[PDB]
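**Student:** Below you'll find the structure I mean.
Backbone-built Cβ (ideal geometry, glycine too); neighbour counts: all protein chains shown. What follows is calculated from the coordinates using simple rules that are stated; it is not laboratory data.
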Amino acid sequence: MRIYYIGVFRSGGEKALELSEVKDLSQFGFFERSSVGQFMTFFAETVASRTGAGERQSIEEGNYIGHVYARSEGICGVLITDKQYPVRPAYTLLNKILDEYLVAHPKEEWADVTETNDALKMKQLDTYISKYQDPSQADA
């Protein structure tokens, strides 16, 4: 009943160019969190990959959901959370994140970015995914 992964990834070729990767390992132990973390990213990269930009993707898995929100430039962001985390707040979260990606550096500066990763990071997408763990974080 909480968000497990957040991030951003530009739709590349076979997979999504990992823009940024943030995880939430609350229920997963020290050893489990590692395996689940890989599960999160691989799934987050897949969504951005299956998301052909300008569209949204909510991947319903037998454990959690994988919300997705793409921009009209070429680089989209992914938001993977439990089914008990509506798409509306994920919309708000992926709203600040996508707009946040455009701010950290001009829209064209990245323009898909043939080279990105969690290295760049984003206080927004990170602090959001961390606190958003709850039902929605709809300004409460």
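**Student:** Need the C-alpha centroid separation for the range 60-114 versus the range 1-40, integer Å.
**Tutor:** 13 Å
**Student:** Quick one: what are the phi-derived ³J(HN,Hα) couplings along the range 69-85, Karplus 6.51/-1.76/1.60 with θ = phi - 60°, whole Hz, x for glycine and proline?
**Tutor:** Whole-Hz 3J(HN,Hα) from phi for the range 69-85: 9, 9, 9, 9, 10, x, 10, 10, x, 10, 9, 9, 9, 5, 4, 8, 9.
**Student:** In whole Å, largest first, what are the principal axis extents of the Cα atoms in the chain?
**Tutor:** Computed over the chain, the largest-to-smallest principal extents equal 38, 33, 25 Å.
**Student:** I would also like to ask the following. Using the Cα centre of the chain as origin and beta-carbon charges of +1 (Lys, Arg) and -1 (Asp, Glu), tell me which of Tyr101, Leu25, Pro86 is placed farthest towards the positive end of the dipole.
**Tutor:** Of the listed residues, the answer is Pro86.
**Student:** Quick one: if the Förster radius is 35 Å, what FRET efficiency do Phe30 and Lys83 give, using the C-beta to C-beta distance and rounding to 0.05?
**Tutor:** Step by step, r from the Cβ atoms, then E = 0.85.
**Student:** Please list, by residue number, every one of the chymotrypsin sites (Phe, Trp or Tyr not before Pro) in the range 1-63 that is coil in DSSP and has at most 11 other beta-carbon atoms within 10 Å.
**Tutor:** Passing both the DSSP loop test and the Cβ count: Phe30, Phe31.
**Student:** Nearest 10 degrees is fine. How inclined is helix 32-50 to the longest principal axis of the chain, computing both from alpha carbons?
**Tutor:** Approximately 40 degrees, to the nearest ten.
**Student:** Could you work out how far helix 87-104 tilts from the main Cα principal axis of the chain, as a 0 to 90 degree angle to the nearest 10?
**Tutor:** 40 degrees
**Student:** Additional query: Work out the count of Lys pairs in the chain where the Cα-Cα distance is under 25 Å, with the pair 8 or more places apart or on different chains.
**Tutor:** Taking the Cα cut-off of 25 Å, the pair count is 22.
**Student:** Continuing with the same structure: Please report, in debye to the nearest 20, how large the charge dipole of the chain is about its Cα centre when each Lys and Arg carries +1 at its beta carbon and each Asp and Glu carries -1 there.
**Tutor:** It comes to approximately 300 debye.
**Student:** Let me ask you something else. Given Cα pairs under 8 Å that are at least 6 residues apart, what percent is the relative contact order of the chain?
**Tutor:** 32 percent
**Student:** Put +1 on the Cβ of each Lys and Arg and -1 on the Cβ of each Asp and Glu in the range 46-140; which of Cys76, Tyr132, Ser49 then has its Cα farthest toward the positive end of the dipole?
**Tutor:** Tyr132
**Student:** Does anything in the range 20-36 have its amide N under 20 Å from the 7 Å Cα→Cβ label point of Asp134, and if so which residues?
**Tutor:** 23-27
**Student:** Still on this model: Please find, in a Gaussian network model of the chain (springs between Cα atoms separated by less than 10 Å), the residue of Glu21, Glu60, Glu32 whose mean-square fluctuation is greatest.
**Tutor:** Among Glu21, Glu60, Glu32, the largest mean-square fluctuation in the Gaussian network model of the chain belongs to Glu32.
**Student:** Among the trypsin sites (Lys or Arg not before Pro) within the range 1-81, which fall in a DSSP loop and have no more than 14 other Cβ atoms within 10 Å of their own Cβ?
**Tutor:** Sites meeting the loop and neighbour criteria: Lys15.
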